[PDB]
Amino acid sequence: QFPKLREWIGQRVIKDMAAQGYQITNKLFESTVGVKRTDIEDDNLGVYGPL
Amino acid sequence: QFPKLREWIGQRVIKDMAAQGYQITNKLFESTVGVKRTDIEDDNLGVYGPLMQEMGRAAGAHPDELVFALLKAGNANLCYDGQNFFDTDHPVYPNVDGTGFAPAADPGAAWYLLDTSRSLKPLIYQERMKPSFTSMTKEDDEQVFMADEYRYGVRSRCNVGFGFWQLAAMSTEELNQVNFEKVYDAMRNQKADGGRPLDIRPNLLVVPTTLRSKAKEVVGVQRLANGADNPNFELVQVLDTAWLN
Amino acid sequence: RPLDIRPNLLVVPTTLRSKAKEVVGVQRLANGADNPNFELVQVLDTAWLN
Amino acid sequence: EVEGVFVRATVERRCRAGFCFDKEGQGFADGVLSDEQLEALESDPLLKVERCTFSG
Amino acid sequence: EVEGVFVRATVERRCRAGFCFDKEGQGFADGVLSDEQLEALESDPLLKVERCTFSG
Numbered sequence: 052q053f054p055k056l057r058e059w060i061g062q063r064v065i066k067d068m069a070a071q072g073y074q075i076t077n078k079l080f081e082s083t084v085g086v087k088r089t090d091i092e093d094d095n096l097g098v099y100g101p102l
Numbered sequence: 052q053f054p055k056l057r058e059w060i061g062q063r064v065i066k067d068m069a070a071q072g073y074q075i076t077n078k079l080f081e082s083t084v085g086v087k088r089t090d091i092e093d094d095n096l097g098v099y100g101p102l103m104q105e106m107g108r109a110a111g112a113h114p115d116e117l118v119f120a121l122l123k124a125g126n127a128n129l130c131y132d133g134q135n136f137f138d139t140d141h142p143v144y145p146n147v148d149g150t151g160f161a162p163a164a165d166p167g168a169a170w171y172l173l174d175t176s177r178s179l180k181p182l183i184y185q186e187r188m189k190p191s192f193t194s195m196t197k198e199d200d201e202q203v204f205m206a207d208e209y210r211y212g213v214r215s216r217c218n219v220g221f222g223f224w225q226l227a228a229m230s231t232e233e234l235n236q237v238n239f240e241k242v243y244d245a246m247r248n249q250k251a252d253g254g255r256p257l258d259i260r261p262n263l264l265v266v267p268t269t270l271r272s273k274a275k276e277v278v279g280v281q282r283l284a285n286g287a288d289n290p291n292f293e294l295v296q297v298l299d300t301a302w303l304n
Numbered sequence: 255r256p257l258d259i260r261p262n263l264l265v266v267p268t269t270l271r272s273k274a275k276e277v278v279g280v281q282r283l284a285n286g287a288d289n290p291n292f293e294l295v296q297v298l299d300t301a302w303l304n
Numbered sequence: 053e054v055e056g057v058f059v060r061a062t063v064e065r066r067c068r069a070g071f072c073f074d075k076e077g078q079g080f081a082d083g084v085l086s087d088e089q090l091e092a093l094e095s096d097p098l099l100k101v102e103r104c105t106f107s108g
Numbered sequence: 053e054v055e056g057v058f059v060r061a062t063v064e065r066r067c068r069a070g071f072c073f074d075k076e077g078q079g080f081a082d083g084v085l086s087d088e089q090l091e092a093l094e095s096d097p098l099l100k101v102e103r104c105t106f107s108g
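Chains as they are written, first to last, in full-length UniProt numbering: chain L, 52 to 102; chain H, 52 to 151, 160 to 304; chain V, 255 to 304; chain U, 53 to 108; chain B, 53 to 108.
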């Protein structure tokens, strides 16, 4: 941000702008569960398959 | 102001009137940033260029900073009376009056506003672009951007301003009833030359962010802090700020 | 220069939901005294932490 | 190398021992080290600057 | 505080004995004493002049 107005005191207190970079990366967030084809296709209640 | 209209018996006294001329000088303020000429063009996200124009925002914010710095100095600085703005020994003609975290009770509807500012010159923009200064030919490729200011605050009326509070809200008889209502009574009891009232109508309360909630409790809720009462509900409207303290 | 912050979100765990609602949502805090923060910050509860 | 010394005729901010005097011409402009403290070092080039590389 | 200083090795007209020669003396923009002599001594600079805060 632009520096605060301080005073005259004859001269100018030259200032420098501030760079505030903030690096941040990305990650991977997989998850899963193993099942079997026969189990899904042979169960009668059918609650095994809403995966 | 005129002397009070007295009784008439045998002859008329040709009274006189005083004058309290107040003197205050001007101060100069500036803020500048040095930047490389090549860098402003050497950008693709449109940054490091608006920063030079940000001096306009800085100048716009400057008057608030100046006025509130003078408000802070109020206790230290002197008013026209020759005493401190918030002093307990303000000299009135026959006797001496007294008006002394960071409080202030002010009128707003009066013909005068306390801590009056002075926008003597506008927020002129000062710039160092190219073949206008030597910083860019017989020097590096440097450019400075500046905002000149030539303003200053004023201690307007020290006989209508009150400060130095233990600002509190509790018991409706010892903390608020004896401090905030004390200030209310003192401000409304101010007497001018001749013993007449100043018609002081405290309606502005200025406090820093730390006292915002407690000021709102003093003005805004029927009960103060214990369920007793709140005599000062909707009597002075508080505006929050942070420039002071 | 002040940042000019305007805190308007209060996120707390479930165990603090009732206390946060008391802080913002009722005129009295816990003893019939007062609640300076009533209708100040709208509290949202969360159970993904702690 | 030292791309710019930023020293000639200018004096910058130097905060040492709790008092920030202005002397010794410690101006610099690079991203080598102490970049954060570069702001403090260059916080007061009050006087006119005139760059000249030392080719360090 | 005193506003007024000349610290650029700048030249000013200071008169020692029958002549006025380069030298840096008072070099201030405020005066309370030796005004008549200061005028001769405080002739504005010949070369680059820059001011500071002595605060003496």
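Just so you know, even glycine gets a beta-carbon here, dropped at the ideal spot from N, CA and C.
Run down chain U in chain order and give the residues with a C-beta less than 8 angstroms from the C-beta of H:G253.
In the second sequence, residue 253 of chain H corresponds to position 194, counting from 1. Ordered by position in chain U, no residue passes the 8 angstroms Cβ test against H:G253, which lies about 55 angstroms from the chain.
Considering only the alpha carbon of each residue, which of H:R255, H:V219, H:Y211 and H:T300 lies closest to H:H113?
Indexing the second sequence from 1 puts residue 113 of chain H at position 62. It is H:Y211.
Kindly indicate which residue of H:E81, H:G97, H:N135 and H:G100 has the alpha-carbon position closest to the one of H:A110.
Numbered from 1 along the second sequence, position 59 holds the residue referred to as residue 110 of chain H. H:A110 has its Cα closest to that of H:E81, out of H:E81, H:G97, H:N135 and H:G100.
At the level of alpha carbons, what is the spacing between H:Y99 and H:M205?
Within the second sequence, the letter at position 48 stands for residue 99 of chain H. Within the second sequence, the letter at position 146 stands for residue 205 of chain H. Distance between the alpha carbons of H:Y99 and H:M205: 15 angstroms.
Do H:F136 and H:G125 have their C-beta atoms closer together than 8 angstroms?
One-based indexing of the second sequence puts residue 136 of chain H at position 85. One-based indexing of the second sequence puts residue 125 of chain H at position 74. Yes, the Cβ-Cβ distance between H:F136 and H:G125 is below 8 angstroms.
Closer than 7 angstroms to a non-hydrogen atom of the ligand GTP - does that hold for the CB of L:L102?
In the structure shown, the ligand GTP is absent, as is every other ligand, since no ligand is present at all.
The alpha helix (DSSP H) with H:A274 in it runs from where to where?
In the second sequence, residue 274 of chain H corresponds to position 215, counting from 1. Here the alpha helix (DSSP H) through H:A274 covers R271 to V277.
Decide yes or no for the touch test of the segment 57-76 of chain B against the segment 90-102 of chain B: beta carbon pairs closer than 8 angstroms, at least 3 of them.
Cβ pair count under 8 angstroms is three or more, so yes.
Among the candidates V:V297, V:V278 and V:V295, whose CA atom is the shortest distance from the CA of V:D288?
Walking along the third sequence from the start, residue 288 of chain V turns up at place 34. The residue with the shortest Cα to Cα distance from V:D288 is V:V278.
How far does the beta strand (DSSP E) with H:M205 in it reach, from first residue to last?
The residue you call residue 205 of chain H lines up with position 146 of the second sequence. Run containing H:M205: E201 to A206, per the beta strand (DSSP E) assignment.
If you measure from the beta carbon of U:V101 to each beta carbon in chain H, is any gap under 8 angstroms?
Here residue 101 of chain U refers to the residue found at position 49 of the fourth sequence. So yes, U:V101 belongs to the interface.
Quick check on L:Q74 - is its C-beta less than 8 angstroms from some C-beta in chain U?
Position 23 of the first sequence, counted from the start, is the residue given in the question as residue 74 of chain L. For L:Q74, the answer is no, since every Cβ of chain U falls outside 8 angstroms of its Cβ.
Can you give me the start and stop residues for the alpha helix (DSSP H) that H:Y243 sits inside?
The residue labelled residue 243 of chain H in the question sits at position 184 within the second sequence. Run containing H:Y243: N235 to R247, per the alpha helix (DSSP H) assignment.
Who are the Cβ neighbours of U:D74 in its own chain at under 8 angstroms, not counting the five residues just before and after it?
Counting from one through the fourth sequence, the residue named residue 74 of chain U turns up at place 22. Result list for U:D74: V63, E64, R65, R66, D96 and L98, in chain order.
Could you give the distance in angstroms between the alpha-carbon of H:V86 and the alpha-carbon of V:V295?
Counting from one through the second sequence, the residue named residue 86 of chain H turns up at place 35. Counting from one through the third sequence, the residue named residue 295 of chain V turns up at place 41. Distance between the alpha carbons of H:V86 and V:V295 is about 42 angstroms.
Cβ closer than 7 angstroms: which chain L residues qualify as neighbours of H:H113?
Reading the second sequence from its first residue, position 62 is the one you call residue 113 of chain H. Near H:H113 (Cβ distances below 7 angstroms), the residues of chain L are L56.
Determine, using beta carbons only, whether U:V59 and U:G108 come nearer to each other than 8 angstroms.
Translated into positions along the fourth sequence, residue 59 of chain U becomes position 7. Translated into positions along the fourth sequence, residue 108 of chain U becomes position 56. Taking 8 angstroms as the Cβ cut-off, U:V59 and U:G108 do not qualify as a contacting pair.
Round the Cβ separation of L:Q52 and V:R282 to the nearest angstrom and send it over; I've been treating them as touching at under 8 angstroms.
Working through the first sequence from its first residue, we reach residue 52 of chain L at position 1. Working through the third sequence from its first residue, we reach residue 282 of chain V at position 28. Not really, about 42 angstroms apart at Cβ, beyond 8 angstroms.
Helix, strand or coil for V:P261, going by three-state DSSP, please let me know.
Counting from 1 along the third sequence, the entry for residue 261 of chain V is found at position 7. The answer is coil: DSSP assigns V:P261 none of H, G, I, E or B.
Between the alpha carbons of B:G70 and B:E76, how many angstroms are there, rounded?
Mapped onto the fifth sequence, residue 70 of chain B falls at position 18. Mapped onto the fifth sequence, residue 76 of chain B falls at position 24. B:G70 and B:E76: Cα-Cα distance of roughly 18 angstroms.
Looking only at C-alpha atoms, which of H:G61, H:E116 and H:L102 sits nearest to L:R57?
As a first step, residue 57 of chain L is located in the first sequence; it is residue number 6 there, counting from the start. The shortest C-alpha separation from L:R57 is found at H:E116.
Tell me, please, whether the CB atom of B:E76 is closer than 8 angstroms to any CB atom in chain L?
Numbered from 1 along the fifth sequence, position 24 holds the residue referred to as residue 76 of chain B. Not one chain L Cβ lies under 8 angstroms of B:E76.
Could you tell me whether the segment 244-251 of chain H touches the segment 214-221 of chain H, where touching means 3 or more Cβ pairs closer than 8 angstroms?
The segment 244-251 of chain H is in contact with the segment 214-221 of chain H.
Relative to the C-alpha of residue 313 of chain V, which residue among V:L270, V:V280, V:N291 and V:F292 is closest?
As shown, chain V starts at 255 and ends at 304. That puts residue 313 of chain V outside it, with no answer to give.
Can you name the start and end residues of the beta strand (DSSP E) that L:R63 belongs to?
Here residue 63 of chain L refers to the residue found at position 12 of the first sequence. That residue, L:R63, is in no beta strand (DSSP E); it is neither H nor E in DSSP.
What residues from chain D crowd round V:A287, counting only those whose CB sits closer than 7 angstroms?
Absent from the structure is chain D; the protein chains it does hold are L, H, V, U and B.
To the nearest angstrom, report how far apart H:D244 and V:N291 are at their CA atoms.
Here residue 244 of chain H corresponds to residue number 185 of the second sequence, with the count starting at 1. Here residue 291 of chain V corresponds to residue number 37 of the third sequence, with the count starting at 1. Looking at the two C-alpha atoms, the distance is approximately 29 angstroms.
Anything in chain H within Cβ reach of U:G56, meaning under 8 angstroms, just list it in chain order.
For the purposes of this step, residue 56 of chain U is identified with residue 4 of the fourth sequence, where counting begins at 1. Chain H residues near U:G56: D199.
Give me the Cα-Cα distance between U:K100 and L:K66, rounded to the nearest whole angstrom.
Within the fourth sequence, numbered from 1, the residue matching residue 100 of chain U stands at position 48. Within the first sequence, numbered from 1, the residue matching residue 66 of chain L stands at position 15. When rounded, the distance between both Cα atoms is 13 angstroms.
In the DSSP output, which residue or residues are listed as bridge partners for H:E186?
What you label residue 186 of chain H is simply residue 127 of the second sequence in a count that begins at 1. The partner list for H:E186 (beta bridge, DSSP) reads H:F204.
Taking only three categories from DSSP, how would you classify U:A92?
In the fourth sequence, counting from the first residue as 1, residue 92 of chain U sits at position 40. Reduced to three states, the DSSP call for U:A92 is helix.
Quick one, are the C-beta atoms of H:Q185 and H:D200 less than 8 angstroms apart?
Within the second sequence, residue 185 of chain H is the residue found at index 126, counting from 1. Within the second sequence, residue 200 of chain H is the residue found at index 141, counting from 1. No, these two residues do not count as a Cβ contact at 8 angstroms.
By Cβ distance, which residues of its chain are closer than 7 angstroms to B:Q78, with the 5 residues on each side in sequence left out?
By 1-based counting over the fifth sequence, the position of residue 78 of chain B is 26. Result list for B:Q78: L90, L93 and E94, in chain order.
Does the Cβ of H:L121 have 16 or more other Cβ atoms within 10 Å, making it buried, or fewer, making it exposed?
On the second sequence, position 70 is the one that residue 121 of chain H refers to. Result: buried.
Just how far apart, CA to CA, sit H:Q225 and H:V147?
Locating residue 225 of chain H in the second sequence gives position 166, where the first residue counts as 1. Locating residue 147 of chain H in the second sequence gives position 96, where the first residue counts as 1. One C-alpha to the other measures close to 23 angstroms.
What residue range is occupied by the uninterrupted alpha helix (DSSP H) comprising H:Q281?
Here the question's residue 281 of chain H lines up with position 222 in the second sequence. First-last for H:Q281: undefined, no H or E at that position.
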